[PDB]
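What follows is the content of coords_29.cif, which has mmCIF, C-alpha atoms and all ligand atoms:
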data_protein
#
loop_
_atom_site.label_atom_id
_atom_site.label_comp_id
_atom_site.auth_asym_id
_atom_site.auth_seq_id
_atom_site.Cartn_x
_atom_site.Cartn_y
_atom_site.Cartn_z
CA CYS A 5 17.94 16.76 14.39
CA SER A 6 17.98 19.69 11.94
CA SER A 7 15.16 20.46 9.47
CA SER A 8 17.05 18.83 6.61
CA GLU A 9 17.84 15.75 8.72
CA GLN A 10 14.14 15.47 9.61
CA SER A 11 13.27 15.68 5.91
CA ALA A 12 15.81 12.95 5.07
CA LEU A 13 14.42 10.77 7.87
CA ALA A 14 10.90 11.20 6.49
CA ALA A 15 12.12 9.77 3.17
CA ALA A 16 14.07 6.97 4.87
CA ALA A 17 11.14 6.08 7.16
CA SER A 18 8.73 5.89 4.21
CA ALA A 19 11.15 3.71 2.23
CA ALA A 20 11.71 1.48 5.28
CA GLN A 21 7.94 1.10 5.74
CA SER A 22 7.73 -0.06 2.09
CA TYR A 23 10.69 -2.46 2.55
CA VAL A 24 8.98 -4.10 5.54
CA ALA A 25 5.58 -4.28 3.82
CA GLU A 26 7.06 -5.92 0.70
CA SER A 27 9.20 -8.31 2.76
CA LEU A 28 6.19 -9.33 4.85
CA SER A 29 4.06 -9.91 1.75
CA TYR A 30 6.88 -11.96 0.26
CA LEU A 31 7.13 -14.17 3.35
CA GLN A 32 3.35 -14.60 3.57
CA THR A 33 3.12 -15.82 -0.03
CA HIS A 34 6.26 -17.95 -0.31
CA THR A 35 5.99 -21.00 1.95
CA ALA A 36 8.80 -22.96 0.31
CA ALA A 37 12.47 -22.44 -0.48
CA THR A 38 13.39 -19.60 -2.84
CA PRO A 39 16.75 -17.92 -3.61
CA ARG A 40 15.88 -14.73 -1.69
CA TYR A 41 14.82 -16.65 1.40
CA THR A 42 17.64 -19.23 1.54
CA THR A 43 20.42 -16.71 0.87
CA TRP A 44 19.50 -14.68 3.96
CA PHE A 45 17.76 -17.21 6.20
CA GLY A 46 19.17 -20.57 5.13
CA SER A 47 17.41 -23.84 4.34
CA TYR A 48 13.66 -23.45 4.37
CA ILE A 49 11.71 -24.98 7.26
CA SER A 50 8.34 -23.85 8.66
CA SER A 51 9.60 -22.93 12.15
CA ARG A 52 12.37 -20.59 10.93
CA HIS A 53 10.14 -19.04 8.26
CA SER A 54 7.50 -18.47 10.95
CA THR A 55 10.12 -16.69 13.07
CA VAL A 56 11.05 -14.21 10.32
CA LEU A 57 7.41 -13.84 9.23
CA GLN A 58 6.55 -12.78 12.78
CA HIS A 59 9.41 -10.25 12.89
CA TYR A 60 8.14 -8.59 9.72
CA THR A 61 4.54 -8.74 10.96
CA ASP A 62 5.62 -6.82 14.08
CA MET A 63 7.77 -4.28 12.20
CA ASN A 64 4.98 -3.80 9.63
CA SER A 65 2.61 -2.73 12.40
CA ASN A 66 4.79 0.10 13.69
CA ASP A 67 4.76 3.56 12.14
CA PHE A 68 8.37 4.22 11.12
CA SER A 69 7.62 7.88 10.42
CA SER A 70 6.47 8.25 14.03
CA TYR A 71 9.66 6.91 15.64
CA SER A 72 11.53 9.37 17.84
CA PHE A 73 14.78 10.10 16.06
CA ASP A 74 17.96 11.36 17.71
CA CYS A 75 20.77 12.88 15.61
CA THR A 76 23.31 13.71 18.35
CA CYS A 77 25.65 10.79 17.57
CA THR A 78 28.65 11.80 15.44
CA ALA A 79 30.48 8.44 15.22
CA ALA A 80 31.48 8.24 11.55
CA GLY A 81 31.53 4.46 11.13
CA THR A 82 28.20 3.76 12.83
CA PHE A 83 24.90 3.89 10.90
CA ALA A 84 22.51 3.81 13.87
CA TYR A 85 21.64 2.04 17.11
CA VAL A 86 18.76 1.49 19.53
CA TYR A 87 18.16 0.12 23.00
CA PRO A 88 15.85 -2.93 22.57
CA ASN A 89 13.69 -2.13 25.60
CA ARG A 90 13.31 1.55 24.70
CA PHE A 91 10.89 1.16 21.79
CA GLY A 92 10.35 3.83 19.16
CA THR A 93 13.64 5.66 19.63
CA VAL A 94 16.34 5.45 16.99
CA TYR A 95 19.74 7.10 17.29
CA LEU A 96 21.38 8.01 13.98
CA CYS A 97 25.15 8.36 13.62
CA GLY A 98 27.59 9.55 10.96
CA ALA A 99 27.35 6.73 8.40
CA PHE A 100 23.56 7.07 8.15
CA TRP A 101 23.88 10.42 6.36
CA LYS A 102 26.36 9.10 3.74
CA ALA A 103 24.16 6.11 2.91
CA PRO A 104 21.61 6.34 0.06
CA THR A 105 17.89 6.37 0.94
CA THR A 106 17.37 2.93 -0.61
CA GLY A 107 19.66 0.16 -1.78
CA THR A 108 22.51 -1.74 -0.13
CA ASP A 109 23.48 -0.56 3.39
CA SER A 110 20.88 2.16 2.95
CA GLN A 111 19.08 4.49 5.32
CA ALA A 112 15.86 2.51 4.86
CA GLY A 113 17.70 -0.78 5.30
CA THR A 114 19.38 0.60 8.43
CA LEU A 115 15.96 1.36 9.90
CA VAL A 116 14.74 -2.18 9.12
CA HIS A 117 17.87 -3.48 10.87
CA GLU A 118 17.33 -1.29 13.94
CA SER A 119 13.57 -1.86 14.05
CA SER A 120 14.07 -5.64 14.16
CA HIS A 121 16.24 -5.10 17.26
CA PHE A 122 13.36 -3.74 19.36
CA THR A 123 12.19 -6.40 21.81
CA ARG A 124 8.64 -5.56 20.79
CA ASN A 125 9.40 -6.61 17.20
CA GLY A 126 11.27 -9.82 18.00
CA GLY A 127 14.58 -8.68 19.46
CA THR A 128 17.04 -9.77 16.77
CA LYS A 129 20.70 -9.81 17.79
CA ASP A 130 23.92 -8.95 15.99
CA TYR A 131 25.43 -12.36 15.30
CA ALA A 132 26.87 -11.21 11.96
CA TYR A 133 27.72 -7.86 10.34
CA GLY A 134 27.95 -7.33 6.59
CA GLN A 135 26.68 -9.34 3.62
CA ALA A 136 29.55 -11.85 3.63
CA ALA A 137 29.11 -12.72 7.31
CA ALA A 138 25.29 -12.68 6.96
CA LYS A 139 25.30 -15.20 4.09
CA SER A 140 27.85 -17.39 5.87
CA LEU A 141 25.65 -17.33 8.98
CA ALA A 142 22.61 -18.33 6.89
CA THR A 143 24.46 -21.30 5.39
CA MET A 144 26.27 -22.45 8.56
CA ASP A 145 23.83 -21.50 11.32
CA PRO A 146 20.24 -20.78 10.07
CA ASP A 147 18.98 -20.72 13.67
CA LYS A 148 20.95 -17.52 14.31
CA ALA A 149 20.40 -16.12 10.80
CA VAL A 150 16.65 -15.74 11.40
CA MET A 151 17.65 -13.90 14.59
CA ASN A 152 20.27 -11.60 13.03
CA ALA A 153 19.30 -8.00 12.25
CA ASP A 154 21.62 -7.66 9.23
CA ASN A 155 20.11 -10.79 7.67
CA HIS A 156 16.72 -9.06 7.84
CA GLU A 157 18.15 -5.82 6.38
CA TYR A 158 19.71 -7.62 3.42
CA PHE A 159 16.59 -9.74 2.82
CA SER A 160 14.54 -6.51 2.71
CA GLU A 161 16.99 -4.49 0.61
CA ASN A 162 17.16 -7.44 -1.83
CA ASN A 163 19.96 -5.81 -3.85
CA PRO A 164 20.88 -7.34 -6.23
CA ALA A 165 17.29 -8.58 -6.54
CA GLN A 166 16.43 -12.27 -6.16
CA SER A 167 12.96 -12.96 -4.75
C1 LIG B 1 19.83 -20.44 -0.84
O1 LIG B 1 20.15 -21.85 -0.91
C2 LIG B 1 19.37 -22.58 -1.94
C3 LIG B 1 19.88 -24.01 -1.80
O2 LIG B 1 19.62 -24.66 -0.55
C4 LIG B 1 19.41 -21.97 -3.33
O3 LIG B 1 18.26 -22.43 -4.02
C5 LIG B 1 19.47 -20.40 -3.35
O4 LIG B 1 20.09 -19.99 -4.58
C6 LIG B 1 20.23 -19.79 -2.11
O5 LIG B 1 21.65 -19.98 -2.27
ZN ZN B 2 22.49 -4.32 14.87
#
Represent the structure of the file as structure tokens.
Amino acid sequence: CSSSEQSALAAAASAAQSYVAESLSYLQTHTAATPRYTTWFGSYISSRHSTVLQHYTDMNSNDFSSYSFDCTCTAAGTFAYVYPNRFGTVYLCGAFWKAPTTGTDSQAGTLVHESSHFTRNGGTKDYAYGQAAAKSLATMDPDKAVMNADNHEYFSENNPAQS
């Protein structure tokens, strides 16, 4: 990673840390159905809420700015990826650099997505990609929604806002 890329990652890491902190606080204080929760995680029920609450509790504990970043990947369509059992290392690809720091499909949101994938943080899977698929997963299969990385990213980004 170049100096500029490291600078960009410092901004993205900070924003991702804030996304996770706010999302965790939101989950801790809302123990009933709300538009933001149901849209990304489906019908509210204690067990599922507990699952997502735990994911954000784990991600909140890790220092995003201390992750080991790798910028060798040049694949244009890919934002980033990680190996679940190789905690703390995040590989950035082409799309990551085109994405805005915050917002929809952002750098910060991408880090939240990847962070949730680490086994240490809960090991979310990729059952659905994109907002359309994520929302459909939440409505049709909540069990997998609370285990889908993109559903966490979109809940955190919260753009447009709902809460
Ligand atoms: C999630 O679903 C609930 C209904 O179960 C709504 O209150 C919310 O707007 C979101 O679509
Ligand atoms: Zn993923």
Q: Skip residue A:46 itself and residues of its chain fewer than 6 positions away, then list as number ranges by chain all residues within 8 Å of it, counting only C-alpha atoms.
A: A: 142-143, 145-146, 149
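Restricting the calculation to all atoms listed in the file, the smallest distance between residue A:22 and any of A:154, A:74, A:67, A:130 is found for A:67.
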Report, as AutoDock Vina command-line options, the centre and edge lengths in Å (one decimal) of the axis-aligned box enclosing every listed atom of stretch 148-151 of chain A, padded by 5 Å on each side.
--center_x 18.8 --center_y -15.7 --center_z 12.7 --size_x 14.3 --size_y 13.6 --size_z 13.8
Q.
At a cut-off of 10 Å, using all atoms listed in the file, what residues contact residue A:77? Leave out same-chain residues fewer than 4 positions from it and give the result as a VMD selection string.
A. chain A and resid 82 to 85 95 to 98
What residues of the protein or nucleic acid chains come within 7 Å of ligand LIG 1 (chain B) when you use only C-alpha atoms and all ligand atoms? Reply as a PDB file with C-alpha atoms, keeping the file's coordinate frame.
ATOM      1  CA  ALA A  37      12.470 -22.440  -0.480  1.00  0.00           C
ATOM      2  CA  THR A  38      13.390 -19.600  -2.840  1.00  0.00           C
ATOM      3  CA  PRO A  39      16.750 -17.920  -3.610  1.00  0.00           C
ATOM      4  CA  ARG A  40      15.880 -14.730  -1.690  1.00  0.00           C
ATOM      5  CA  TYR A  41      14.820 -16.650   1.400  1.00  0.00           C
ATOM      6  CA  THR A  42      17.640 -19.230   1.540  1.00  0.00           C
ATOM      7  CA  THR A  43      20.420 -16.710   0.870  1.00  0.00           C
ATOM      8  CA  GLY A  46      19.170 -20.570   5.130  1.00  0.00           C
ATOM      9  CA  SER A  47      17.410 -23.840   4.340  1.00  0.00           C
TER      10      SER A  47
END
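Between atom CA of residue A:33 and atom CA of residue A:104 the separation is 28.9 Å.
Closest to residue A:139 among A:114, A:44, A:165, A:72 is A:44, based on all atoms listed in the file.
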Could you name the residues that touch residue A:8 at 12 Å or less, counting all atoms listed in the file, but leaving out those on the same chain fewer than 4 positions away, as a PDB file with C-alpha atoms, keeping the file's coordinate frame?
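New file result-v4.pdb:
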ATOM      1  CA  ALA A  12      15.810  12.950   5.070  1.00  0.00           C
ATOM      2  CA  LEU A  13      14.420  10.770   7.870  1.00  0.00           C
ATOM      3  CA  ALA A  14      10.900  11.200   6.490  1.00  0.00           C
ATOM      4  CA  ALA A  15      12.120   9.770   3.170  1.00  0.00           C
ATOM      5  CA  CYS A  75      20.770  12.880  15.610  1.00  0.00           C
ATOM      6  CA  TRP A 101      23.880  10.420   6.360  1.00  0.00           C
TER       7      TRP A 101
END
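A straight line drawn from atom CA of residue A:20 to atom CA of residue A:68 is 7.3 Å long.
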Q: Please extract the residues at most 9 Å from ligand ZN 2 (chain B), counting all atoms listed in the file, and provide them as a VMD selection string, using the chain letters and residue numbers of this document.
A: chain A and resid 84 to 86 114 117 to 118 120 to 121 128 to 133 152 to 154
Go ahead and write the selection's residues with C-alpha atoms as a JSON list (two decimals), keeping the file's coordinate frame.
[["chain", "number", "residue", "atom", "x", "y", "z"],
["A", 84, "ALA", "CA", 22.51, 3.81, 13.87],
["A", 85, "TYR", "CA", 21.64, 2.04, 17.11],
["A", 86, "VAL", "CA", 18.76, 1.49, 19.53],
["A", 114, "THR", "CA", 19.38, 0.60, 8.43],
["A", 117, "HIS", "CA", 17.87, -3.48, 10.87],
["A", 118, "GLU", "CA", 17.33, -1.29, 13.94],
["A", 120, "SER", "CA", 14.07, -5.64, 14.16],
["A", 121, "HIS", "CA", 16.24, -5.10, 17.26],
["A", 128, "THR", "CA", 17.04, -9.77, 16.77],
["A", 129, "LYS", "CA", 20.70, -9.81, 17.79],
["A", 130, "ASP", "CA", 23.92, -8.95, 15.99],
["A", 131, "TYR", "CA", 25.43, -12.36, 15.30],
["A", 132, "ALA", "CA", 26.87, -11.21, 11.96],
["A", 133, "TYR", "CA", 27.72, -7.86, 10.34],
["A", 152, "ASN", "CA", 20.27, -11.60, 13.03],
["A", 153, "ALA", "CA", 19.30, -8.00, 12.25],
["A", 154, "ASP", "CA", 21.62, -7.66, 9.23]]
Q) Hey, can you check how far atom CA of residue A:7 sits from atom CA of residue A:89? A) 27.8 Å
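Nearest-residue note for residue A:60: choosing from A:111, A:10, A:27, A:106, the minimum distance belongs to A:27, counting all atoms listed in the file.
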For stretch 97-122 of chain A, supply N, CA, C and O atoms and report the output as a JSON list (two decimals), in the frame of the given file.
[["chain", "number", "residue", "atom", "x", "y", "z"],
["A", 97, "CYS", "N", 23.75, 7.94, 13.50],
["A", 97, "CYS", "CA", 25.15, 8.36, 13.62],
["A", 97, "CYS", "C", 25.66, 8.83, 12.26],
["A", 97, "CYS", "O", 24.89, 8.95, 11.31],
["A", 98, "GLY", "N", 26.97, 9.06, 12.18],
["A", 98, "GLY", "CA", 27.59, 9.55, 10.96],
["A", 98, "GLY", "C", 27.36, 8.84, 9.64],
["A", 98, "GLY", "O", 27.03, 9.49, 8.64],
["A", 99, "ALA", "N", 27.51, 7.52, 9.62],
["A", 99, "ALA", "CA", 27.35, 6.73, 8.40],
["A", 99, "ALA", "C", 25.96, 6.79, 7.77],
["A", 99, "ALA", "O", 25.81, 6.68, 6.56],
["A", 100, "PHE", "N", 24.94, 7.00, 8.61],
["A", 100, "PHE", "CA", 23.56, 7.07, 8.15],
["A", 100, "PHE", "C", 23.36, 8.15, 7.08],
["A", 100, "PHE", "O", 22.65, 7.93, 6.11],
["A", 101, "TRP", "N", 24.00, 9.30, 7.28],
["A", 101, "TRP", "CA", 23.88, 10.42, 6.36],
["A", 101, "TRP", "C", 24.61, 10.25, 5.02],
["A", 101, "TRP", "O", 24.27, 10.92, 4.04],
["A", 102, "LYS", "N", 25.61, 9.36, 4.97],
["A", 102, "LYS", "CA", 26.36, 9.10, 3.74],
["A", 102, "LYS", "C", 25.65, 8.05, 2.90],
["A", 102, "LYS", "O", 25.85, 7.97, 1.69],
["A", 103, "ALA", "N", 24.88, 7.19, 3.56],
["A", 103, "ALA", "CA", 24.16, 6.11, 2.91],
["A", 103, "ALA", "C", 22.99, 6.61, 2.06],
["A", 103, "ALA", "O", 22.34, 7.59, 2.41],
["A", 104, "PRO", "N", 22.72, 5.94, 0.93],
["A", 104, "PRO", "CA", 21.61, 6.34, 0.06],
["A", 104, "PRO", "C", 20.29, 5.99, 0.76],
["A", 104, "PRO", "O", 20.28, 5.14, 1.66],
["A", 105, "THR", "N", 19.20, 6.64, 0.35],
["A", 105, "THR", "CA", 17.89, 6.37, 0.94],
["A", 105, "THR", "C", 17.53, 4.90, 0.84],
["A", 105, "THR", "O", 17.21, 4.26, 1.84],
["A", 106, "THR", "N", 17.65, 4.34, -0.37],
["A", 106, "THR", "CA", 17.37, 2.93, -0.61],
["A", 106, "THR", "C", 18.56, 2.25, -1.25],
["A", 106, "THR", "O", 19.45, 2.91, -1.79],
["A", 107, "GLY", "N", 18.57, 0.92, -1.20],
["A", 107, "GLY", "CA", 19.66, 0.16, -1.78],
["A", 107, "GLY", "C", 20.42, -0.60, -0.71],
["A", 107, "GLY", "O", 19.92, -0.80, 0.39],
["A", 108, "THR", "N", 21.65, -1.00, -1.04],
["A", 108, "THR", "CA", 22.51, -1.74, -0.13],
["A", 108, "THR", "C", 23.07, -0.85, 0.98],
["A", 108, "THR", "O", 23.58, 0.24, 0.69],
["A", 109, "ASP", "N", 22.99, -1.32, 2.23],
["A", 109, "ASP", "CA", 23.48, -0.56, 3.39],
["A", 109, "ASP", "C", 22.89, 0.84, 3.35],
["A", 109, "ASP", "O", 23.57, 1.84, 3.57],
["A", 110, "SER", "N", 21.59, 0.90, 3.08],
["A", 110, "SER", "CA", 20.88, 2.16, 2.95],
["A", 110, "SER", "C", 20.26, 2.66, 4.24],
["A", 110, "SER", "O", 20.27, 1.97, 5.26],
["A", 111, "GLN", "N", 19.74, 3.88, 4.19],
["A", 111, "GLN", "CA", 19.08, 4.49, 5.32],
["A", 111, "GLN", "C", 17.84, 3.67, 5.67],
["A", 111, "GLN", "O", 17.61, 3.34, 6.84],
["A", 112, "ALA", "N", 17.07, 3.30, 4.65],
["A", 112, "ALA", "CA", 15.86, 2.51, 4.86],
["A", 112, "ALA", "C", 16.22, 1.14, 5.41],
["A", 112, "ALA", "O", 15.58, 0.65, 6.34],
["A", 113, "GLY", "N", 17.26, 0.52, 4.84],
["A", 113, "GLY", "CA", 17.70, -0.78, 5.30],
["A", 113, "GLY", "C", 18.20, -0.72, 6.73],
["A", 113, "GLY", "O", 17.99, -1.66, 7.51],
["A", 114, "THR", "N", 18.85, 0.39, 7.08],
["A", 114, "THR", "CA", 19.38, 0.60, 8.43],
["A", 114, "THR", "C", 18.22, 0.64, 9.42],
["A", 114, "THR", "O", 18.32, 0.09, 10.52],
["A", 115, "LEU", "N", 17.12, 1.28, 9.03],
["A", 115, "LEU", "CA", 15.96, 1.36, 9.90],
["A", 115, "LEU", "C", 15.30, -0.01, 10.09],
["A", 115, "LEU", "O", 14.82, -0.31, 11.18],
["A", 116, "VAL", "N", 15.31, -0.83, 9.04],
["A", 116, "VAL", "CA", 14.74, -2.18, 9.12],
["A", 116, "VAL", "C", 15.58, -2.99, 10.10],
["A", 116, "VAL", "O", 15.05, -3.72, 10.94],
["A", 117, "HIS", "N", 16.90, -2.82, 10.01],
["A", 117, "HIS", "CA", 17.87, -3.48, 10.87],
["A", 117, "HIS", "C", 17.58, -3.09, 12.33],
["A", 117, "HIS", "O", 17.35, -3.94, 13.18],
["A", 118, "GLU", "N", 17.57, -1.78, 12.59],
["A", 118, "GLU", "CA", 17.33, -1.29, 13.94],
["A", 118, "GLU", "C", 15.95, -1.64, 14.49],
["A", 118, "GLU", "O", 15.83, -2.04, 15.65],
["A", 119, "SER", "N", 14.93, -1.54, 13.64],
["A", 119, "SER", "CA", 13.57, -1.86, 14.05],
["A", 119, "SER", "C", 13.45, -3.31, 14.52],
["A", 119, "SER", "O", 12.80, -3.58, 15.52],
["A", 120, "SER", "N", 14.11, -4.22, 13.81],
["A", 120, "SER", "CA", 14.07, -5.64, 14.16],
["A", 120, "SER", "C", 14.71, -5.91, 15.52],
["A", 120, "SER", "O", 14.43, -6.92, 16.16],
["A", 121, "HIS", "N", 15.56, -4.98, 15.97],
["A", 121, "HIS", "CA", 16.24, -5.10, 17.26],
["A", 121, "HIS", "C", 15.32, -4.86, 18.45],
["A", 121, "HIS", "O", 15.55, -5.41, 19.52],
["A", 122, "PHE", "N", 14.29, -4.03, 18.28],
["A", 122, "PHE", "CA", 13.36, -3.74, 19.36],
["A", 122, "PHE", "C", 12.74, -5.03, 19.87],
["A", 122, "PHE", "O", 12.28, -5.86, 19.09]]
